[PDB]
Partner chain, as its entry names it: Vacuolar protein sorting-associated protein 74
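One chain comes next, on its own, written as structure tokens: the form solved without its partner chain.
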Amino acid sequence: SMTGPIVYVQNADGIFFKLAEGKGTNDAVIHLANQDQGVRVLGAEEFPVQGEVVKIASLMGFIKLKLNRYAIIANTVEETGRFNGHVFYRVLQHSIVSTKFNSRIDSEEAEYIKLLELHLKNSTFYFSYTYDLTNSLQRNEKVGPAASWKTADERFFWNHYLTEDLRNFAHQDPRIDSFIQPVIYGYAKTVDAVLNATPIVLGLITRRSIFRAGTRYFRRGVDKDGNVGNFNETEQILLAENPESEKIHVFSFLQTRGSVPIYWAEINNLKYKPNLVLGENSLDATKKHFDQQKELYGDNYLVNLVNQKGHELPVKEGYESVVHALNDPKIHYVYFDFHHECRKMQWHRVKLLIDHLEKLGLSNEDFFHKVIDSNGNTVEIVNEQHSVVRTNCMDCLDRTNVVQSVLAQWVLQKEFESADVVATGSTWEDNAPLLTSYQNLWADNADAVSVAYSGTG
């Protein structure tokens, strides 16, 4: 990859960064200057001679906080996964570093850094130097050329805004690509297991969306351009050998979760009972949102959890009547009752949801599948996923994680059957240590991703 560990030296003239391993005779230095707070590109000969060299996993970017510019650094990482040679890292220790030995900063500036520190502490960020975690495996397959920041998915490139200065240089200087490492917000982990003497690698990744262009804003809902702002993809990955053949198969199965795509014009008042006005806007914005979702994922199966007995929500009924109004035959809507007691009667109901999705056209054979060679390059695309099940951000993360986990189990079985790791109509979950690894993997994910709010009432 172009990207890799970095070293820096800081002195009275500011901070100077370069790649820890310099390939070629041409290596770039990034300098954050104390003189004018500007970011500059320098020649190798201008890297400081004197000083403590500091090693860091990544320069995540810079931010201008009132008067001073600060470097945002991932100091250390831990490996949390490894898949087809690619290593996935979580950021462990970070720092926010200024050029000022001791500056007196005003209140407003100190408050900004507090708010950024709160976010860096509360979030879990992941990256891989050789694999682009902001894209699904199926999108990465379409990109091709392995990198770089230029083909990252901008919805999930969490440090997109922090890299603006570096991106502007990299447009006319491709050496700067080595400093631009896209990071995702949510979760990325793999586990090794064995199923019927086939070694396997199971992975799960959630990437959370970083919102959002436009002259005005609001988290909940969709803008006029069809973006929703709060949006996650959760992706289950598998790598396995075919027993006879010894061909290496790689699978991905993607799901989405996001705000109800109703226009962000919402009466967030105290008194009294609010009902939406869904003028031409809620039809228009929903249509535009679904046009993008269709281009990205194919057919969309929208799962809306009821969980009411005469307790009626404005945004609930609005979603359905809007979906019903557009009558798009590639958009399929389900309002599903998913109640307690939640360790028997709940999960029964999730298998019933899946039966109903199947009746609407969802197939458990609908997943990305490729064969790769002993060097890890693609030999064959056996299948591409052309649908997605979309759950709502507003339903309990507890319930939707259950829906997502169960659906991914149902698809996994077909993946296992397709590479002949299990017999047709067997149950992979009868393998106790494997189901344990699978269950921990998804419980960890829910832990990680719950980091949007602690609620509700």
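Positions refer to the first chain, counted from 1. Just so we're on the same page, rigid core means the largest C-alpha set that superposes within 1.5 Å between forms.
As for the form solved in complex with its partner chain, it is not shown, yet the points below apply to it.
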query: Distance check, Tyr161 to its partner chain in the deposited complex, heavy atom within 4.5 Å; finding: no
query: 4.5 angstroms heavy atom contact with its partner chain in the deposited complex for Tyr70; finding: yes
query: In the deposited complex, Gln10 touching its partner chain (heavy atom, 4.5 Å); finding: yes
query: 4.5 angstroms heavy atom contact with its partner chain in the deposited complex for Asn375; finding: no
query: Candidate stretches 189-197, 223-231, 82-90, 101-109 - the one whose heavy atoms come within 4.5 Å of its partner chain in the deposited complex; finding: 101-109
query: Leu120, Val334, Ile96, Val201 - the one with a heavy atom within 4.5 Å of its partner chain in the deposited complex; finding: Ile96
query: The single option of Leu296, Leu353, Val143, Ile113 touching its partner chain in the deposited complex, heavy atom within 4.5 Å; finding: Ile113
query: Partner contacts for 391-407, taking its partner chain in the deposited complex and a 4.5 Å heavy atom cut-off; finding: none
query: Position that moves between the shown form and the other one after core superposition, taken from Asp373, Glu108, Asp173, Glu295, with Cα shift of 2 Å or more; finding: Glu108
query: After fitting the core, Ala147 CA displacement of 2 Å or more between the shown form and the other one; finding: yes
query: Post core alignment: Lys351 C-alpha displaced by 2 Å or more between the shown form and the other one; finding: no
query: CA of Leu360, rigid core aligned, shift of 2 Å or more between the shown form and the other one; finding: no
query: Direction of Cα pair change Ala146-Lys189 in the deposited complex, magnitude 3 angstroms or more; finding: farther
query: Pair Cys342/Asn440, Cα separation in the deposited complex versus the displayed form, closer or farther by 3 angstroms or more; finding: farther
